[PDB]
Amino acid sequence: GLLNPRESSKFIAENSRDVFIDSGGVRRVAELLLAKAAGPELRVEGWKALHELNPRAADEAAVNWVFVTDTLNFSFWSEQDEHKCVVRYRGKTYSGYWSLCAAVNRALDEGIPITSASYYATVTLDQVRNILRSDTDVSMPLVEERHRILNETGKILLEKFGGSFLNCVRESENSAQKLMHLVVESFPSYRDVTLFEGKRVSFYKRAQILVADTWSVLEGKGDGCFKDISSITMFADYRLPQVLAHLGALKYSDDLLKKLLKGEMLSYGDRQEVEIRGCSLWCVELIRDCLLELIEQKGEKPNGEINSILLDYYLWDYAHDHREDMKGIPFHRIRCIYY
């Protein structure tokens, strides 16, 4: 049956018709990452320290915060950049995924317990629209899907887990793989699985980022100490492929680039879609191996364990900060609940 994400990705990358991993671009990105390796952008602390919307505390509240956001961590792109969902929070302005986090903090500050399953298990579509309200005329995408998943997720947390994601965390016994597995098996919307060449492959974008984010928000300590944190892969979404294609690590075929430039919508499980995700996932594994080797070849001792989580976080932010520079190669478009 099921290949795990890393195995899935290797298999996809090796049998890919429309997407290509370019060793030269793998080298480049590794070296761009090397010069940054001592800075907060490739430390676990950077998750809090570079993102003011992320929770400060390492408590049950923060953990449940990470849960609700990674539960809804899918599909923020809009049809045009002039015409998107924006949320204002404490006099600052956020679009995309950050507009979700703003929306959450905004609700918490209003006093609505949006990070509590007791609440979001029975929250209405009308309430959800309210909480996620935009400050432009344009709504966040798939709000109906965000409502349905909240209700399903809340119920399951209240029934199986005492209404707290901290309980799920503790049950994983400091294993990131077990936490990822528990999540995938307990919460339907996280089942980020499809087909390729007649084998079941897995990506687990949201499940993996949820584990990474649990790790980050608890600062790699306590219930968020994970002995096996380096086993987590990148989180295969639509932005990380874009920024790997920009930097020269990923190459797309004529036909694929055709779709991307015209804004033609991909479907979840389309081969080309699957190939982009799988190749991206494997691409990052290769950049990580390159970087570690470069760090070795300069006879160094890093001050923290570099892993595929941290590279992903970095490259995602890079995506965000350098959007204008990437116009030339668009991100692939899809509407699904998985990313």
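Numbers follow the displayed sequence, beginning with 1.
Of the two segments examined, 76-84 and 194-202, it is 76-84 that shows the higher average Cα temperature factor in the deposited entry. Two stretches are in play, 290-298 and 44-52, and the higher mean C-alpha B-factor belongs to 290-298. Looking at the C-alpha B-factors along this chain, the one for residue 12 belongs to the middle third. Placement of the Cα temperature factor of residue 96 within the chain: middle third of the modelled residues, per the deposited record. Residue-level temperature factors show residue 20 in the lowest third of its chain, judged at the C-alpha atom. The entry lists a Cα temperature factor for residue 35 that places it in the highest third of the chain's modelled residues. Residue 306: CA B factor lies in the highest third for its chain, per the PDB record.
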